[PDB]
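Chains as they are written, first to last, in this note's numbering: chain A, 34 to 65; chain B, 26 to 935; chain C, 123 to 381.
C-beta: ideal position from N, C-alpha, C; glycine also.
Step one of this worksheet: look at the structure below.
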Amino acid sequence: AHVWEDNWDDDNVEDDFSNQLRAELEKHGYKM
Amino acid sequence: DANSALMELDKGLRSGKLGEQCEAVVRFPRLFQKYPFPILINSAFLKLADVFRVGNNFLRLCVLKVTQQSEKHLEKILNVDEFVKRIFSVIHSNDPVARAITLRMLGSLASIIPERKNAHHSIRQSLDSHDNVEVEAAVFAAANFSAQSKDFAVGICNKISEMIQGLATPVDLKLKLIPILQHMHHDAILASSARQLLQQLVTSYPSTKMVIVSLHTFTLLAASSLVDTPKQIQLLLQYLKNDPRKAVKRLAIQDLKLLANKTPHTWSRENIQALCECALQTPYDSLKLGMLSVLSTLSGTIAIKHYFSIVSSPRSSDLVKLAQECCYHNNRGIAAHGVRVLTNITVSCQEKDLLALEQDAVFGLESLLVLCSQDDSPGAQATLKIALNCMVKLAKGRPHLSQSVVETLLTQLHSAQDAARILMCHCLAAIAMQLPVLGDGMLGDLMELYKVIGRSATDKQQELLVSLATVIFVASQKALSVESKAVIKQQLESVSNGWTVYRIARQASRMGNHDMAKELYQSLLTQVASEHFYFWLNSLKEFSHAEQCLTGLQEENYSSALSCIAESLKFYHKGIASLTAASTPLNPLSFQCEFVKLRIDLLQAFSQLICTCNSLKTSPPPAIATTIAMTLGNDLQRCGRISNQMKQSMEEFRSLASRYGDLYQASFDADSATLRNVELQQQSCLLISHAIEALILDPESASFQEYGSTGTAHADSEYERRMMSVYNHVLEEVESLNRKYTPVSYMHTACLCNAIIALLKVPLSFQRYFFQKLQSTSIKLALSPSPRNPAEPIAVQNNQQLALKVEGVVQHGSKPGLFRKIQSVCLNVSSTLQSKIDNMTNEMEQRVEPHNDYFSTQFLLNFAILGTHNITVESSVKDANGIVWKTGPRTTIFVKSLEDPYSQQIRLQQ
Amino acid sequence: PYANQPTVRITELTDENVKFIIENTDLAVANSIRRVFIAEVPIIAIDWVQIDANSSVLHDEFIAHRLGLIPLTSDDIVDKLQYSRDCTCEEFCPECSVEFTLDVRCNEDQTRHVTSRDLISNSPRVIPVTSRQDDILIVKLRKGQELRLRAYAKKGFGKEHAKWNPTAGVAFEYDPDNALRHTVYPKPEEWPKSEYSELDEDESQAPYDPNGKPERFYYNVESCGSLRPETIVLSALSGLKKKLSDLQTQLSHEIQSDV
Ligand SMILES: [Zn+2]
């Protein structure tokens, strides 16, 4: 089993919506 | 079209070239998985049997592989006797290759013909023919028929015993012949005869290559026919103790692992003791590792209670010494399994002398922490994750050692080389998620590691940044320091991805640090790229800002509280507008919008209630005393327009609680934490309802005391514990103040205001289903009446009946059983008179159980009414343990209703 | 060697009539499309008239003629019903037929105009077209005499009778400016323009095309009101599919018998 079950921070678990957000925001890659 | 594909593939079959014949033959399985129609399946299979009876042996191998691929459609075959007659009729050929291929196909047809005596006989004869390739094909065919039959199995066990004693055929063919005895789990006497045969086999052939397959078939036989598990275990322990072959001992390892994983409760105390003695007496680190893995699995299971069940000290028990010495052994994996055994036994059993074992286990635990922290190997990280599992399990099972283990993990956070830090950050996040004091105990050092991050890491900076920001929020569950968040912003603006800082922001929204959340959402809002993304980030920003305003609250000041409520409600209004802007036909934020709307309505109800609480003193008792006599009040005992508004608020709050129950039962897809959180919000609403009902309204009729268990720390969140403590406080205060005053509500308004202030002082917890959603399950639910392509109503003669033929197919976005597995579908259909008792007579529901992911059900409706009717259906998906879970489309169909002219004329004559 | 890619578009739709244009298809195919509208579209019409007692001055055969020429509503129950000639039942059964009744006694001094409204039907999905304006007149009855009859309506097509022909009128044409020169105009200026013509007012005659085919067929389908025109087209095409499928199966068996 994994170390922590309520893990929001994992790659393959996350769904289509903020996958698209991930694509955009990794393309952006900065904050002011 | 399906028929068209069928006979064009038939023409490809009738083509001259065997290449094109192979083309069509291997093209059938696509047609099977496209058209599941059974007549088509039967005709295609019949043409297959024809071409297999007359093909040129490569077509035969192609047809064989087609059957072996599309095996699952075999059960819907009608003309079984003709199919089997062709396929069996080609077995009399003199070509050994053709005989072998045919026997393999019979092994494939085992699913539909398990009783064919002639097939049994042909397999048994070709089993002792001489042609090699058909001998091994006969072995494979026996291996399938013995799985799906019984009398064939007893025939084959007699024949196999005869052959093995009869000493013909070489050792390789003996290896092929042994694994037939796995399918002897049909009866106990067959199992015993095969067991005697296998014991004789191992004693007759002391060879490694013999013994390995013999033992593995013997143990699968016992694990299937679980009657001789103790004999199996003691035989394996004998061979692990006695036989000096290292490979055979590794077989014993990988087999006792299987038995320990399958049937743990059958493990006995003498078995455990014998394995422990073997693990002490072994010289080899690898075999000791395997035995320790076996003991780790058994310790995780129930059998530790068997080993420490009395009717010999626990210290006198040989397990403890082995566990201690192997936990302090030099080798890393051995130490990992030792600390696994120690953690399991410590959490499981509670005897008086085990405190020394607790101390030894925790100290050897930071030994594993330092070793895996500065090892940096893949196996080292595996043992590290094992140690962190030991941490989570030990701390949750026993809260006694929590502060010690947290401070040790912080010392390792000092002493780590920036690879294991993410892992132990997750682990200590879990531990502080259980017990809150672990963060505000040592806020400083985690911030020090945070400031050394930037020049400490170069490869997984994003990952460790996200983890340590999560735990800094968990540590500063209280109001976050401006200097600390400025340092956080400094490092994030130094080096971060937008997706990274977004994940820090999401963790901030999860824990409740809404000021930091507001800042991060503001930055991400100012960048974004796309429109629904912008509106989504903007809505999140507004809820974070409103929650910041709500946390900006002062105790026992009602005017400032309602001002803060109004400000926060303005900001939720902006946020919910932007959320409706973010809403799209794809990925529709239904749960998010509905949940934030219910939170809005809860806060509006709170503001209205505290407004009426303040207006309690607006001469309502004077209005009552002016309208009627104060003594023996006609409207109520100490009557009040304020009491009327209390009744209105009570009914409104109960309706709000009903809406929360509706939201939860329509959601159904979230995990345990989110569903629990929604239950707590409904708990708060019902708490306010019961408080205003049992204190302002009739307390003698209330007569309710919370004479039940409450306040246990079995919760899954510190947030949940905080709301639960608030609930206990409100219950004790209302139970104290139930009978003290008259209904004039002197300090009753003060008690209600205190409850409101506490319930708003506990901030919020934005949650996972409000964020990333998983196990997206749906019901298509296509009805099939007379097809109404437009909204034109469907005419029925109204004298006979009407049939519906509803159909549903269930779909899953991922692994369907993440949290809840669908079990049954309660469909619910009712009628309504479209032209205005609302046609609520037919109130049908039916519990169809989807055996496969498609289902259909026939409904009959009776009606004799002139007007149009609307027909409504519901899915009512009910899960494994049994819950309502109202999801589904809830579609509606219009139906017309006309009558016979002869019937109308007869009614006119009537 | 293979079929082209024809195109379909529709200009306007009305309950009584529809207008559409077809392109990139053969004149033979288009003529067969008009003929399959005319002939084999199955509808429901009154066929079996039993007369208990007639005392009208119109004779019984005439009454049966007008009853057979009454139109009816045949939306989809015509597709549900089976042919009377093929359905194995004693006389007519409700799977292959529809029952009608007509009893009129003119007992009033004024002439009682027997109308299509007075036909009592057995199935609500089938009525005279007029009901669901002035009704269709059947016979004018003087005071004193009566007319009592029973009727059965069945399913047929226009190869049998124009009463089973449902299309009130087809207007099928092409080449509105005789560019294919199928006709020769001695006085093309005196020849009036078509409504689809795009030629000049001075010319009124497209130039001759040495290489071309007749194309861009214009269709105006006027129903009699029994069915929707789109349903009529779909039924005609479906019957064409069925007939070609039967011809294929029978001729394949003929080839199998030959070989
Ligand atoms: Zn019939």
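Residues near residue i in its chain [Cβ-Cβ closer than 6 Å; skip 5 each side]
| i | result |
| --- | --- |
| residue 174/B | 139 |
| residue 742/B | none |
| residue 351/C | 140, 343 and 345 |
| residue 903/B | 849 and 851 |
| residue 391/B | 433 |
| residue 135/B | 169, 170 and 173 |
| residue 94/B | 54 |
| residue 774/B | 638 and 641 |
| residue 131/B | 144 and 166 |
| residue 636/B | none |
Proximity below 8 Å, CB of residue i to CB of residue j
| i | j | result |
| --- | --- | --- |
| residue 918/B | residue 810/B | yes |
| residue 472/B | residue 505/B | no |
| residue 564/B | residue 607/B | yes |
| residue 800/B | residue 844/B | yes |
| residue 435/B | residue 412/B | no |
Cβ-based neighbour list, residue i, same chain, cut-off 7 Å, excluding 5 preceding and 5 following
| i | result |
| --- | --- |
| residue 184/B | 149 and 152 |
| residue 299/C | 319, 320, 321, 327 and 328 |
| residue 724/B | 763 and 764 |
| residue 818/B | 893, 919, 920 and 921 |
| residue 122/B | 82 and 158 |
| residue 264/C | 228 and 233 |
| residue 684/B | 623 |
| residue 891/B | 922 |
Buried or exposed by the 16-neighbour rule on C-beta atoms within 10 Å, applied to residue i
| i | result |
| --- | --- |
| residue 155/C | buried |
| residue 511/B | exposed |
| residue 865/B | exposed |
| residue 926/B | buried |
| residue 307/C | exposed |
| residue 932/B | exposed |
| residue 250/C | buried |
| residue 141/B | buried |
| residue 335/B | exposed |
| residue 285/C | buried |
| residue 452/B | buried |
| residue 229/B | exposed |
| residue 747/B | buried |
| residue 306/B | exposed |
| residue 313/C | exposed |
| residue 560/B | buried |
| residue 833/B | buried |
| residue 164/B | buried |
| residue 778/B | buried |
Cutoff 8 Å; reference residue i; Cβ partners in own chain excluding five residues on either side
| i | result |
| --- | --- |
| residue 423/B | 371, 372 and 383 |
| residue 253/C | 238 and 239 |
| residue 319/B | 278, 281, 282, 285 and 300 |
| residue 790/B | 535, 536, 537, 702, 742 and 744 |
Under 7 Å by beta carbon: chain F residues contacting residue i
| i | result |
| --- | --- |
| residue 524/B | The chain labelled as chain F is not found among the protein chains of the depicted structure, namely A, B and C. |
Residue i Cβ short of 7 Å to ligand 2 heavy atom set
| i | result |
| --- | --- |
| residue 219/C | Here the bound small molecules are ligand 1; ligand 2 is not part of this structure. |
Complete runs of the alpha helix (DSSP H) confined to the region 235 to 290 of chain B [at least 4 residues]: Entirely contained in the region 235 to 290 of chain B, the alpha helix (DSSP H) runs reaching 4 residues are, in chain order, 254 to 267 and 271 to 287.
Within the region 320 to 356 of chain B, ranges of the alpha helix (DSSP H) (whole runs, at least 4 residues): 328 to 332 and 343 to 352
Any beta strand (DSSP E) of 3 or more consecutive residues that is wholly inside the region 821 to 899 of chain B: 831 to 837, 847 to 858, 868 to 873, 879 to 882 and 894 to 899
In chain order, each alpha helix (DSSP H) run of at least 4 residues that lies wholly inside the region 184 to 218 of chain C: 199 to 202
Ranges of the alpha helix (DSSP H) found wholly within the region 419 to 507 of chain B, counting only runs of at least 4: 427 to 440, 446 to 459, 462 to 465, 468 to 481 and 486 to 500
Length-filtered (3 minimum) beta strand (DSSP E) runs lying within the region 231 to 304 of chain C: 234 to 237, 259 to 263, 268 to 278 and 289 to 295
Those runs of the alpha helix (DSSP H) which lie wholly inside the region 516 to 593 of chain B and span at least 4 residues: Within the region 516 to 593 of chain B, the complete alpha helix (DSSP H) runs of at least 4 residues are 523 to 536, 539 to 552 and 556 to 576.
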